[PDB]
Amino acid sequence: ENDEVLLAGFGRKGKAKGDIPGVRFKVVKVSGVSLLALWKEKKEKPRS
Amino acid sequence: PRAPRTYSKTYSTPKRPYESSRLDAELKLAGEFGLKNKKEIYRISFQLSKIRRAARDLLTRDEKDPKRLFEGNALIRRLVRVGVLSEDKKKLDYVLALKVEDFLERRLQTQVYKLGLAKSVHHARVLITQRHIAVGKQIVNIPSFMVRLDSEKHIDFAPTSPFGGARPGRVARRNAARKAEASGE
Amino acid sequence: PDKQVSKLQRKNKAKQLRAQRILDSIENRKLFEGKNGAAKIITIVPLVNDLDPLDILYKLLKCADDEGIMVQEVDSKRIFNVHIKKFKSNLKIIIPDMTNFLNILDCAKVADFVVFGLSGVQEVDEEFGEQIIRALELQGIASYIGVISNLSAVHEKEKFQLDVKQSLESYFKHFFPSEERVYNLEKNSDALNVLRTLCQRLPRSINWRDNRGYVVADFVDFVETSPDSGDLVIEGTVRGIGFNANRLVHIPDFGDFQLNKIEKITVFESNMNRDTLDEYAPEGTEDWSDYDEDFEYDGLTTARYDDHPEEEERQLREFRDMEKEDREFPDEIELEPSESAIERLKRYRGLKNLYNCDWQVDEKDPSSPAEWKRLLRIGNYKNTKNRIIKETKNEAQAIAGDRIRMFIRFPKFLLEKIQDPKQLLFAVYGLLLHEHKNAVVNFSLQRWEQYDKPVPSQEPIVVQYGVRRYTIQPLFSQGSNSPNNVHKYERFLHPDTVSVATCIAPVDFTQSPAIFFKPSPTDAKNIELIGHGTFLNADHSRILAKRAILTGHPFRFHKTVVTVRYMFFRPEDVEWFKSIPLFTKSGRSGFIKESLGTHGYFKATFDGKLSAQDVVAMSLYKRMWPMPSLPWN
RNA sequence: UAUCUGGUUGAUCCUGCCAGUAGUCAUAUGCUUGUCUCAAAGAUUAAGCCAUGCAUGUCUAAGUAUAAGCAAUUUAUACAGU
RNA sequence: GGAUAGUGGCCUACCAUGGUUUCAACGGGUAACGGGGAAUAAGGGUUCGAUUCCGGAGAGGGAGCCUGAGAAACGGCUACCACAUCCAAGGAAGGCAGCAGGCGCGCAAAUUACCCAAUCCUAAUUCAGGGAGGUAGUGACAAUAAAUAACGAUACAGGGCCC
RNA sequence: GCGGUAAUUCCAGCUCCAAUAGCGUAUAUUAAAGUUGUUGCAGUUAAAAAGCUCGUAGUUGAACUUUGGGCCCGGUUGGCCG
RNA sequence: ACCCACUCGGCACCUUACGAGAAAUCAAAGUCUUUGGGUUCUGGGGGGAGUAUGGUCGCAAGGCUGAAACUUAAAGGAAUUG
RNA sequence: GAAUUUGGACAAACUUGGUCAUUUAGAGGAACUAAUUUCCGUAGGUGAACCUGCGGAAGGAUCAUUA
């Protein structure tokens with residue numbers, strides 16, 4: 001909670017990735033540290 | 001601020017990306033002509049696309065017309081001097097019938113193999129990008145050269161850069177000195 | 001009714017939304033700006049053993065063009081109330097010692113910037129320096145700036161001097177990649193940008209750190225008013241959300257305290273409503289909260305079902321062995337056939353499924369702590385802490401950026417650990433309403449990056465959540481979301497996937513990050529770090545179930561189904577454990593039936609098809625109970 | 001450089017849209033990143049506020065010099081080079 | 001008639017009742033400076049153009065004006081409004097949408113560097129000056145070319161097949 | 001859509017592909033789109049013919065007015081003629 | 001008044017399938033990819049909704065005009081089959 | 001030839017009213033979400049899928065008899 005996420009849409013102009021009822025944006029970067037790289041363990045995420 | 005430098009990209013990506021004919025048919029070209037990317041084929045498709053466009057517009061024009069005669073003869077003559085088009089087919093109806101193996105016939109990478117003393121078509125390319133081969137007074141280190149059919153009687157090893165003379169290099173220096181001389185103490 | 005609301009040009013008049021934001025942007029920056037009511041806090045940490053970071057302040061204050069180079073002599077102060085003329089800012093620069101690792105972690109637990117020294121010559125210390133970056137980085141950094149400071153950034157290398165910059169930028173991004181470049185302090189405007197960035201960039205907030213008022217003490221003194229206790233005098237700048245007299249207050253390595261009065265530089269004492277230095281104790285308020293659930297020895301059948309130095313290293317090899325086998329066959333207790341499996345399994349309760357069944361929350365336990373009723377019960381934890389922070393806003397007498405002489409009730413027992421506030425950092429953290437008193441909490445452990453040694457489930461681990469630090473023998477469980485909130489106990493801890501600890505400790509109301517470690521007094525720096533994690537919530541109803549699996553073999557098939565080899569020993573083992581169903585490894589269910597036991601054999605019944613040279617396993621579940629905890633100083 | 005392929009049904013032929021595909025001197029972002037030639041770069045939100053420094057000065061044989069300036073005085077206390 | 005450098009409702013006096021419109025007036029909106037252009041390539045179009053050139057407009061917001069051939073000039077002034085600076089409190093002082101920097105803002109953009117050597121511009125002028133301009137720094141905005149391996153021997157399986 | 005359990009789709013390990021110092025995602029836009037239609041749509045039944053007629057602007061609106069024949073001049077193309 | 005032949009206009013049947021069409025079917029729904037006689041109106045996936053709001057006409061009931069945020073992977077047409 | 005000074009156009013701007021739209025703390029309210037025969041038009045009626053009156057359509061399943 002109370003972090004700094006960067007959003008972008010899914011790729012449908014809004015609505016869904018699939019079954020998801022009313023969620024349209026995915027998170028790309030937390031705290032400037034790029035969820036792809038964290039998920040692949042390439043950087044680290046400092047707190048705030 | 002000074003005039004903008006004009007620039008324009010060369011290759012043209014294909015429209016259908018996974019097409020089982022094209023993916024395989026390109027790679028035979030990659031084999032025989034020794035190209036590092038499919039982009040190196042695409043550039044040739046683009047050059048051919050501009051000659052087929054420029055030729056295709058002139059066929060909508062009439063014979064005995066100065067634009068077709070002039071721009072036509074300049075097109076044809078420019079393709080004859082690079083050896084893509086053969087000699088008997090100076091018609092401009094034929095320059096649509098060209099294909100990619102005619103431009104790739106004339107890369108210097110293959111001109112060195114077809115020429116002789118480069119045994120392979122990969123060994124030829126390595127001879128190019130490693131500064132060995134030349135065209136004339138000039139060294140060429142870039143494969144996609146389009147040898148212009150008058151320069152075929154001039155391609156050789158360079159004056160410098162062994163295989164051509166005056167030095168053995170690096171590795172023959174370390175052998176002949178720092179092993180064979182190293183037998184002397 | 002009227003709903004045109006279209007075709008407007010006064011949209012430009014929605015610049016008033018741009019004036020509210022600029023107005024709040026200035027109202028952010030009243031606190032840090034001026035020679036009056038302002039201070040920044042800066043810490044210089046060398047990530048090598050080298051450098052002696054005095055010189056970092058030397059290189060960094062050449063670009064003040066002032067007389068602030070007169071302070072920072074060979075005279076050792078370590079906290080500097082430096083004002084800079086050139087940026088109208090006043091800084092509190094701290095350097096902690098390189099020996100005390102906890103000094104380092106408790107420094108940036110106060111700071112606003114953490115300037116990291118690096119080196120061109122000597123590599124970053126793997127076992128000390130990297131651990132500094134990780135540990136600060138997991139406790140929460142306000143802000144952070146990189147620095148190369150070696151002369152041998154040039155003096156080694158006329159070999160196109162920069163390229164070490166790619167190694168240290170590239171190295172330095174791998175922890176926190178919000179930093180593009182690492183600044184050199186051996187050139188002018190580079191050092192200037194460091195100084196600018198210290199002076200006028202805002203530091204971000206840390207939520208637990210700013211939802212509690214806190215000061216940095218500039219002067220400490222003690223006043224006798226009692227013959228053992230007394231009063232303190234602590235002068236400093238309030239930077240958190242603030243203070244009220246009725247709260248407690250906390251000091252690291254001293255514990256919780258209760259302040260008496262607060263001077264403002266209007267004075268408030270502390271009236272009736274102040275809280276105390278206990279848990280929710282009261283020694284007769286337990287048995288007003290009466291309970292029911294009894295698992296007696298009534299019924300000699302019918303288990304509870306409700307039908308539907310080198311010796312410690314040998315202990316380390318024992319822990320590695322028990323976790324090694326406890327990986328492969330988990331929860332599989334191996335019965336001694338000589339001894340009766342009834343006395344061992346008296347308190348256990350068998351279940352169809354953990355997730356589906358329901359326990360009444362406690363029981364007539366008596367292996368619980370008797371202080372179970374001496375615990376604060378919480379409703380919705382979200383609807384607790386937003387309310388408490390709401391009362392902290394509305395009742396904060398001390399606005400931040402105010403100078404306060406502070407009056408703390410304090411024993412003369414504890415003056416002998418006090419140092420002067422120059423060579424170290426006596427700094428005082430406020431608390432909230434119920435943040436002193438005990439309830440059942442939950443953390444969320446995850447292992448450290450290098451770490452691979454096994455961690456058993458009730459060995460003691462020091463937990464630093466927020467500021468306070470306790471000695472905790474935890475209770476581990478995997479994270480899952482059962483509706484009954486009943487989860488499977490772990491006997492050891494997983495290789496990677498984030499689990500949940502559980503213990504009794506007093507509550508946090510801010511969900512601070514936590515670092516988990518054991519003290520390593522014989523070893524290197526004073527701690528072997530184990531893990532990091534986050535205070536999840538305070539749940540008393542988090543029921544961990546100890547799983548014990550009894551395992552048997554079949555002998556002869558095709559008849560009913562199956563018999564028993566190793567499962568049981570006596571026909572006494574029938575009556576307890578044969579209303580409880582039974583599972584197998586993509587197979588059948590339920591109801592072993594009696595036979596002989598005189599050698600060993602119990603002719604089972606089942607529901608399904610496949611049986612071969614296989615195993616057969618049942619289960620019994622027991623609640624685990626939390627252990628109470630102590631502080632660590 | 002004049003191309004379509006999946007989704008509605010028990011199966012069909014359709015209207016039909018959804019999704020896929022390719023370009024973008026259209027920006028952003030993520031991960032990587034060795035060579036050369038070339039090169040944009042606070043436009044979008046905020047024509048919002050600005051610390052400091054700098055961006056507009058100018059002389060010939062040829063407007064006016066008693067500088068109490070400098071040089072050799074040197075053709076000359078009428079001046080007379082700079 | 002006045003006024004203007006000058007035609008002109010540009011303005012005053014008197015007089016007349018006209019002028020534009022569904023071939024779309026007028027009003028509203030534009031996340032609209034206009035073009036030359038750009039992207040997409042069967043043809044025909046659609047979408048974009050703040051941005052290297054030309055043209056306009058503005059220098060915090062409006063207004064006024066001096067001086068000059070040329071300014072409604074802001075690296076000129078005057079007042080008011082909104083901001084904001086030093087002050088000994090009497091007063092004094094200012095406008096980066098030049099360049100480099102900041103701070104906010106944001107999804108989003110670099111150096112408080114070197115130099116007049118080119119390009120050209122200004123003056124009494126080959127000489128002085130010019131963040132106009134150039135050079136370097138940063139820069140995966142976009143483009144072009146293109147390294148990360150080439151060849152032998154021996155031996156096993158071949159596909160050939162040398163005569 | 002794959003996986004209520006012998007996972008072609010989840011998790012890894014090999015192996016393979018595609019592009020290649022580049023590649024991937026968001027957003028916009030163009031193509032694909034003959035789903036904007038002038039070229040070029042569709043209106044019985046799938047969305048669509050206005051309840052009918054009159055009627056101004058608009059758009060469109062039958063045919064017809066010296067045709068043919070001589071007569072040289074007169075540049076090109078093509079050829080045995082070369 | 002019939003009966004026969006012929007013709008002009010009208011309401012329809014019926015038959016081919018020449019063409020059309022997705023098909024049922026159609027002398028027009030034909031002469032439209034061999035894609036242009038003249039002209040008016042309407043539609044551009046389905047719900048949200050003929051609702052909200054604004055005018056406007058009506059004594060009233062109401063009629064005319066008529067969105068969007070939003071949500072959705074179908075909704076729909078013709079025809080065959082146990 | 002300075003301060004000052006009458007009238008004039010150019011006029012920034014101020015103060016009051018009314019009026020409109022918009023941010024803004026905002027005491028409160030109001031609600032808000034989560035633990036079968038087919039029709040059309042129209043009029044009236046019932047807790048409700050609905051029923052009834054008038055006119056209209058099939059978007060609905062013509063065998064026999066006319067020598």
# chains A, B, ... in the order shown; residues from 1 in each chain; ligands from 1

$ closest_atom_pairs --of "chain C" --to "chain H" --cutoff "8 Å" --atoms "only C-alpha atoms (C1' of nucleotides)" --output "tab-separated table"
residue	atom	partner	partner_atom	distance
C:13	CA	H:22	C1'	7.4
C:14	CA	H:22	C1'	7.4
C:16	CA	H:23	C1'	6.3
C:17	CA	H:23	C1'	6.4

$ write_last_selection --atoms "N, CA, C and O atoms" --output "CSV table (one decimal), in the first residue's frame"
chain,number,residue,atom,x,y,z
C,13,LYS,N,-10.5,28.0,-17.0
C,13,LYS,CA,-10.7,28.4,-15.6
C,13,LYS,C,-10.5,27.2,-14.6
C,13,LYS,O,-10.4,27.3,-13.4
C,14,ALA,N,-10.3,26.0,-15.2
C,14,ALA,CA,-9.8,24.9,-14.4
C,14,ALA,C,-8.2,24.9,-14.3
C,14,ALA,O,-7.5,24.0,-14.2
C,16,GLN,N,-7.5,26.7,-11.8
C,16,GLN,CA,-7.7,26.9,-10.4
C,16,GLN,C,-7.3,25.6,-9.7
C,16,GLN,O,-6.9,25.5,-8.5
C,17,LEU,N,-7.5,24.5,-10.4
C,17,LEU,CA,-7.0,23.2,-10.0
C,17,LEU,C,-5.5,23.2,-10.1
C,17,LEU,O,-4.8,22.4,-9.4

$ residues_around --residues "region 35-40 of chain B" --least-positions-apart "6" --cutoff "8 Å" --atoms "only C-alpha atoms (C1' of nucleotides)" --output "PyMOL selection string"
(chain B and resi 11-13+26-27+29) or (chain F and resi 20)

$ select_by_dssp --residues "region 3-185 of chain B" --states "strand (DSSP E or B)" --output "ChimeraX atom specification"
/B:133-134,139,156-157

$ interface_residues --of "chain A" --to "chain D" --cutoff "10 Å" --atoms "only C-alpha atoms (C1' of nucleotides)" --output "PyMOL selection string"
chain A and resi 6+8+12+28-29+33-37+42

$ write_last_selection --atoms "N, CA and C atoms" --output "compact mmCIF listing (two decimals), in the first residue's frame"
# COMPACT_ATOMS: atom_id res chain seq x y z
N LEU A 6 3.36 2.42 -11.95
CA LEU A 6 3.07 2.96 -13.26
C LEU A 6 2.11 2.02 -13.94
N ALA A 8 -0.57 0.96 -17.27
CA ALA A 8 -0.87 0.96 -18.69
C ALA A 8 -2.04 0.00 -18.92
N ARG A 12 -6.98 -3.95 -25.01
CA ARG A 12 -8.31 -4.12 -25.60
C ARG A 12 -9.03 -2.76 -25.75
N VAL A 28 2.93 -1.72 -14.71
CA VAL A 28 4.16 -1.96 -15.43
C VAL A 28 5.35 -1.82 -14.52
N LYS A 29 5.42 -0.72 -13.78
CA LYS A 29 6.55 -0.44 -12.90
C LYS A 29 6.12 -0.02 -11.55
N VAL A 33 10.79 0.32 -10.63
CA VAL A 33 11.71 -0.80 -10.70
C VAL A 33 11.23 -1.97 -11.53
N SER A 34 10.23 -1.77 -12.36
CA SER A 34 10.04 -2.60 -13.59
C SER A 34 9.71 -4.08 -13.39
N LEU A 35 8.49 -4.39 -12.94
CA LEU A 35 8.01 -5.76 -12.63
C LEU A 35 8.47 -6.91 -13.45
N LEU A 36 8.76 -6.71 -14.74
CA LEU A 36 9.39 -7.73 -15.52
C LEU A 36 10.74 -8.11 -14.86
N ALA A 37 11.55 -7.12 -14.49
CA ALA A 37 12.88 -7.42 -14.05
C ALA A 37 12.85 -7.98 -12.65
N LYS A 42 16.13 -9.52 -11.67
CA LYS A 42 17.28 -8.79 -12.22
C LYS A 42 17.61 -7.53 -11.49

$ residues_around --residues "region 106-122 of chain B" --least-positions-apart "2" --cutoff "8 Å" --atoms "only C-alpha atoms (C1' of nucleotides)" --output "ChimeraX atom specification"
/B:32-34,82-84,102-104,124-128,143-147,155 /E:150

$ write_last_selection --atoms "N, CA and C atoms (P, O5', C5', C4', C3', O3' and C1' of nucleotides)" --output "PDB file, in the first residue's frame"
ATOM      1  N   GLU B  32      23.297 -19.957 -49.434  1.00  0.00           N
ATOM      2  CA  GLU B  32      24.237 -19.953 -50.503  1.00  0.00           C
ATOM      3  C   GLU B  32      24.982 -18.638 -50.584  1.00  0.00           C
ATOM      4  N   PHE B  33      24.296 -17.553 -50.274  1.00  0.00           N
ATOM      5  CA  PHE B  33      24.921 -16.244 -50.437  1.00  0.00           C
ATOM      6  C   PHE B  33      25.525 -15.699 -49.162  1.00  0.00           C
ATOM      7  N   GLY B  34      25.321 -16.411 -48.044  1.00  0.00           N
ATOM      8  CA  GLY B  34      26.034 -16.173 -46.765  1.00  0.00           C
ATOM      9  C   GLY B  34      25.681 -14.805 -46.190  1.00  0.00           C
ATOM     10  N   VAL B  82      26.078  -2.796 -63.567  1.00  0.00           N
ATOM     11  CA  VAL B  82      26.336  -3.560 -62.358  1.00  0.00           C
ATOM     12  C   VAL B  82      26.256  -5.027 -62.567  1.00  0.00           C
ATOM     13  N   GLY B  83      25.997  -5.466 -63.783  1.00  0.00           N
ATOM     14  CA  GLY B  83      25.960  -6.882 -64.072  1.00  0.00           C
ATOM     15  C   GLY B  83      24.782  -7.642 -63.505  1.00  0.00           C
ATOM     16  N   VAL B  84      23.765  -6.954 -63.008  1.00  0.00           N
ATOM     17  CA  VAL B  84      22.548  -7.639 -62.555  1.00  0.00           C
ATOM     18  C   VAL B  84      21.795  -8.132 -63.751  1.00  0.00           C
ATOM     19  N   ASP B 102      19.804 -12.240 -58.783  1.00  0.00           N
ATOM     20  CA  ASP B 102      20.611 -11.458 -59.696  1.00  0.00           C
ATOM     21  C   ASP B 102      21.380 -10.368 -58.986  1.00  0.00           C
ATOM     22  N   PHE B 103      20.787  -9.728 -58.008  1.00  0.00           N
ATOM     23  CA  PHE B 103      21.522  -8.793 -57.145  1.00  0.00           C
ATOM     24  C   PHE B 103      22.494  -9.505 -56.198  1.00  0.00           C
ATOM     25  N   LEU B 104      22.031 -10.571 -55.586  1.00  0.00           N
ATOM     26  CA  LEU B 104      22.884 -11.365 -54.760  1.00  0.00           C
ATOM     27  C   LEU B 104      23.935 -12.129 -55.568  1.00  0.00           C
ATOM     28  N   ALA B 124      34.967 -16.135 -47.889  1.00  0.00           N
ATOM     29  CA  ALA B 124      35.009 -14.918 -48.649  1.00  0.00           C
ATOM     30  C   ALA B 124      34.582 -13.735 -47.847  1.00  0.00           C
ATOM     31  N   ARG B 125      33.494 -13.880 -47.121  1.00  0.00           N
ATOM     32  CA  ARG B 125      33.018 -12.784 -46.319  1.00  0.00           C
ATOM     33  C   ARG B 125      34.001 -12.420 -45.226  1.00  0.00           C
ATOM     34  N   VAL B 126      34.619 -13.429 -44.611  1.00  0.00           N
ATOM     35  CA  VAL B 126      35.611 -13.158 -43.607  1.00  0.00           C
ATOM     36  C   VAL B 126      36.819 -12.477 -44.224  1.00  0.00           C
ATOM     37  N   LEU B 127      37.164 -12.854 -45.435  1.00  0.00           N
ATOM     38  CA  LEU B 127      38.204 -12.127 -46.134  1.00  0.00           C
ATOM     39  C   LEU B 127      37.821 -10.647 -46.408  1.00  0.00           C
ATOM     40  N   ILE B 128      36.537 -10.367 -46.551  1.00  0.00           N
ATOM     41  CA  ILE B 128      36.176  -9.018 -46.767  1.00  0.00           C
ATOM     42  C   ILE B 128      36.267  -8.217 -45.492  1.00  0.00           C
ATOM     43  N   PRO B 143      30.882  -6.139 -47.454  1.00  0.00           N
ATOM     44  CA  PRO B 143      30.534  -7.150 -48.390  1.00  0.00           C
ATOM     45  C   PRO B 143      29.559  -6.755 -49.453  1.00  0.00           C
ATOM     46  N   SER B 144      28.524  -6.055 -49.072  1.00  0.00           N
ATOM     47  CA  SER B 144      27.491  -5.729 -49.996  1.00  0.00           C
ATOM     48  C   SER B 144      28.002  -4.674 -50.943  1.00  0.00           C
ATOM     49  N   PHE B 145      28.834  -5.055 -51.895  1.00  0.00           N
ATOM     50  CA  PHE B 145      29.554  -4.047 -52.627  1.00  0.00           C
ATOM     51  C   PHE B 145      29.006  -3.804 -54.011  1.00  0.00           C
ATOM     52  N   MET B 146      28.413  -4.804 -54.640  1.00  0.00           N
ATOM     53  CA  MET B 146      27.932  -4.648 -56.033  1.00  0.00           C
ATOM     54  C   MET B 146      29.038  -4.277 -57.012  1.00  0.00           C
ATOM     55  N   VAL B 147      29.906  -5.221 -57.224  1.00  0.00           N
ATOM     56  CA  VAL B 147      30.953  -5.102 -58.164  1.00  0.00           C
ATOM     57  C   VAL B 147      30.435  -4.848 -59.539  1.00  0.00           C
ATOM     58  N   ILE B 155      39.624  -7.342 -59.043  1.00  0.00           N
ATOM     59  CA  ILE B 155      39.501  -7.825 -57.683  1.00  0.00           C
ATOM     60  C   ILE B 155      40.691  -8.696 -57.374  1.00  0.00           C
TER      61      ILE B 155
ATOM     62  P     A E 150      32.526 -19.509 -39.330  1.00  0.00           P
ATOM     63  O5'   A E 150      33.871 -19.221 -40.110  1.00  0.00           O
ATOM     64  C5'   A E 150      33.750 -18.841 -41.469  1.00  0.00           C
ATOM     65  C4'   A E 150      35.077 -18.787 -42.119  1.00  0.00           C
ATOM     66  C3'   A E 150      35.642 -20.140 -42.463  1.00  0.00           C
ATOM     67  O3'   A E 150      35.223 -20.556 -43.746  1.00  0.00           O
ATOM     68  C1'   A E 150      37.277 -18.842 -41.375  1.00  0.00           C
TER      69        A E 150
END

$ residues_around --residues "residue 27 (chain D)" --least-positions-apart "3" --cutoff "10 Å" --atoms "only C-alpha atoms (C1' of nucleotides)" --output "ChimeraX atom specification"
/D:44 /E:107-108,141 /F:27-28

$ write_last_selection --atoms "N, CA and C atoms (P, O5', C5', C4', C3', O3' and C1' of nucleotides)" --output "PDB file, in the first residue's frame"
ATOM      1  P     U D  44       4.783  21.525 -23.126  1.00  0.00           P
ATOM      2  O5'   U D  44       3.642  20.408 -23.243  1.00  0.00           O
ATOM      3  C5'   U D  44       2.310  20.849 -23.505  1.00  0.00           C
ATOM      4  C4'   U D  44       1.482  19.878 -24.342  1.00  0.00           C
ATOM      5  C3'   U D  44       0.722  18.864 -23.523  1.00  0.00           C
ATOM      6  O3'   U D  44      -0.545  18.705 -24.100  1.00  0.00           O
ATOM      7  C1'   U D  44       1.927  17.764 -25.130  1.00  0.00           C
TER       8        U D  44
ATOM      9  P     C E 107       1.696  10.911 -14.790  1.00  0.00           P
ATOM     10  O5'   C E 107       2.332  10.016 -15.924  1.00  0.00           O
ATOM     11  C5'   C E 107       3.342   9.148 -15.507  1.00  0.00           C
ATOM     12  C4'   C E 107       4.219   8.791 -16.677  1.00  0.00           C
ATOM     13  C3'   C E 107       5.153   9.869 -17.111  1.00  0.00           C
ATOM     14  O3'   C E 107       6.301   9.755 -16.279  1.00  0.00           O
ATOM     15  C1'   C E 107       4.155   8.777 -18.966  1.00  0.00           C
ATOM     16  P     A E 108       7.516  10.743 -16.449  1.00  0.00           P
ATOM     17  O5'   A E 108       8.277  10.129 -17.704  1.00  0.00           O
ATOM     18  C5'   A E 108       9.390  10.797 -18.239  1.00  0.00           C
ATOM     19  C4'   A E 108       9.166  11.250 -19.646  1.00  0.00           C
ATOM     20  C3'   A E 108       9.496  12.718 -19.906  1.00  0.00           C
ATOM     21  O3'   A E 108      10.903  12.961 -20.011  1.00  0.00           O
ATOM     22  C1'   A E 108       7.499  12.111 -21.027  1.00  0.00           C
ATOM     23  P     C E 141      18.100   7.168 -28.386  1.00  0.00           P
ATOM     24  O5'   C E 141      16.731   7.484 -29.090  1.00  0.00           O
ATOM     25  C5'   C E 141      15.561   7.555 -28.294  1.00  0.00           C
ATOM     26  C4'   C E 141      14.448   7.993 -29.175  1.00  0.00           C
ATOM     27  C3'   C E 141      14.366   7.269 -30.492  1.00  0.00           C
ATOM     28  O3'   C E 141      13.709   6.029 -30.359  1.00  0.00           O
ATOM     29  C1'   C E 141      14.202   9.587 -30.867  1.00  0.00           C
TER      30        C E 141
ATOM     31  P     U F  27      -3.838   0.144 -24.805  1.00  0.00           P
ATOM     32  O5'   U F  27      -3.934   1.590 -25.379  1.00  0.00           O
ATOM     33  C5'   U F  27      -3.915   2.689 -24.474  1.00  0.00           C
ATOM     34  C4'   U F  27      -3.378   3.893 -25.161  1.00  0.00           C
ATOM     35  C3'   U F  27      -3.881   4.126 -26.562  1.00  0.00           C
ATOM     36  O3'   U F  27      -5.208   4.610 -26.617  1.00  0.00           O
ATOM     37  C1'   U F  27      -1.555   4.498 -26.473  1.00  0.00           C
ATOM     38  P     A F  28      -6.125   4.163 -27.870  1.00  0.00           P
ATOM     39  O5'   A F  28      -5.639   5.101 -29.060  1.00  0.00           O
ATOM     40  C5'   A F  28      -5.669   6.523 -28.877  1.00  0.00           C
ATOM     41  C4'   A F  28      -4.833   7.224 -29.906  1.00  0.00           C
ATOM     42  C3'   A F  28      -5.133   6.850 -31.340  1.00  0.00           C
ATOM     43  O3'   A F  28      -6.242   7.644 -31.800  1.00  0.00           O
ATOM     44  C1'   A F  28      -2.793   6.891 -30.962  1.00  0.00           C
TER      45        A F  28
END

$ residues_around --residues "residue 44 (chain F)" --least-positions-apart "4" --cutoff "12 Å" --atoms "only C-alpha atoms (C1' of nucleotides)" --output "ChimeraX atom specification"
/F:49 /G:24-26,29,77

$ interface_residues --of "chain C" --to "chain D" --cutoff "9 Å" --atoms "only C-alpha atoms (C1' of nucleotides)" --output "ChimeraX atom specification"
/C:18,22,86-87
